[PDB]
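See below for the structure under consideration.
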Amino acid sequence: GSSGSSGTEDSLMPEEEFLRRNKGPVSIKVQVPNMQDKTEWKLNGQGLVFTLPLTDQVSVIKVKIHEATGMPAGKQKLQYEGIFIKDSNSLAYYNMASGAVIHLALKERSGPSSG
């Protein structure tokens with residue numbers, strides 16, 4: 001036997017099968033930073049957890065955070081174990097595992113003057 005997997009995001013499973021394994025719902029934790037005068041949102045060193053099944057995309061994760069904190073559902077970048085997950089990508093696809101932890105970080109981009 002191998003007795004030693006090589007790379008987690010190497011032998012990922014599909015969306016159909018995945019659901020078979022991760023019946024869910026899963027519990028993800030959103031690491032909220034503490035920004036006093038670095039933004040116009042609600043960031044005071046905390047954590048937002050939400051138990052939801054694997055149906056919609058990561059978007060449902062952003063909308064929630066924004067619904068609670070002033071942080072908009074876009075500028076905030078959700079990092080899953082280093083991976084830069086977006087609303088375009090579905091949770092199932094990635095094949096996350098219960099008790100996940102989404103790290104919050106500030107998006108990096110030139111900056112759209114108007115829009």
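Ordering of the structure tokens sets the chain letters (A, B, ...); residue numbers start at 1 within each chain; ligands are numbered from 1 in the order shown.
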**Asked** Quick one: residues within 10 Å of segment 80-87 of chain A, only C-alpha atoms counted, chain neighbours fewer than 2 positions away excluded, as a ChimeraX atom specification?
**Response** /A:9,28,30,56-63,73-74,76-78,89-91,94,96,100-104
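Of the residues in segment 63-112 of chain A, those that DSSP places in helix (DSSP H, G or I) on the basis of the backbone are residues 63, 64, 65, 66, 67, 68, 91, 92, 93 and 94 of chain A.
Taking only C-alpha atoms into account, residue 65 of chain A lies nearest to A:31 out of the set A:45, A:37, A:31, A:22.
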**Members of segment 64-102 of chain A assigned strand (DSSP E or B) by DSSP, as a PyMOL selection string** = chain A and resi 76-80+83-85+90+101-102
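Between atom CA of residue 4 of chain A and atom CA of residue 95 of chain A the interatomic distance comes to 19.5 Å.
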**Residues near residue 19 of chain A, cut-off 9 Å, only C-alpha atoms, skip fewer than 4 positions along chain, as a count of residues only** = 7
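Taking atom CA of residue 98 of chain A as the reference point, atom CA of residue 27 of chain A is found at 5.5 Å.
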**Asked** Can you list, as a PyMOL selection string, every protein, DNA or RNA residue that comes within 7 Å of segment 39-42 of chain A when you count only C-alpha atoms, leaving out same-chain residues fewer than 2 positions away?
**Response** chain A and resi 35+37+44+69-71
Restricting the output to N, CA, C and O atoms, write the selected residues as a PDB file, in the first residue's frame.
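result_2.pdb, written as the output of this step:
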ATOM      1  N   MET A  35      -9.818  45.086  11.965  1.00  0.00           N
ATOM      2  CA  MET A  35      -9.439  46.347  11.339  1.00  0.00           C
ATOM      3  C   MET A  35     -10.196  47.515  11.963  1.00  0.00           C
ATOM      4  O   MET A  35     -11.386  47.702  11.707  1.00  0.00           O
ATOM      5  N   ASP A  37      -9.159  51.062  11.912  1.00  0.00           N
ATOM      6  CA  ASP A  37      -9.178  52.171  10.965  1.00  0.00           C
ATOM      7  C   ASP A  37      -8.479  51.787   9.664  1.00  0.00           C
ATOM      8  O   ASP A  37      -7.628  52.522   9.163  1.00  0.00           O
ATOM      9  N   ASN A  44     -13.515  42.908  13.905  1.00  0.00           N
ATOM     10  CA  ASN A  44     -12.954  42.995  15.248  1.00  0.00           C
ATOM     11  C   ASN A  44     -12.528  41.619  15.750  1.00  0.00           C
ATOM     12  O   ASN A  44     -13.116  41.078  16.686  1.00  0.00           O
ATOM     13  N   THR A  69     -21.470  41.625   8.446  1.00  0.00           N
ATOM     14  CA  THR A  69     -20.466  42.680   8.491  1.00  0.00           C
ATOM     15  C   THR A  69     -20.620  43.636   7.314  1.00  0.00           C
ATOM     16  O   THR A  69     -21.208  43.288   6.292  1.00  0.00           O
ATOM     17  N   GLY A  70     -20.087  44.846   7.465  1.00  0.00           N
ATOM     18  CA  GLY A  70     -20.175  45.833   6.406  1.00  0.00           C
ATOM     19  C   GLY A  70     -19.385  45.436   5.175  1.00  0.00           C
ATOM     20  O   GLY A  70     -19.504  46.064   4.123  1.00  0.00           O
ATOM     21  N   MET A  71     -18.574  44.392   5.306  1.00  0.00           N
ATOM     22  CA  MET A  71     -17.759  43.913   4.195  1.00  0.00           C
ATOM     23  C   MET A  71     -18.638  43.473   3.028  1.00  0.00           C
ATOM     24  O   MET A  71     -19.522  42.628   3.169  1.00  0.00           O
TER      25      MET A  71
END
**Complete:** Shortest contact to residue 21 of chain A, candidates A:33, A:38, A:111, A:97, atoms counted only C-alpha atoms, goes to A:97
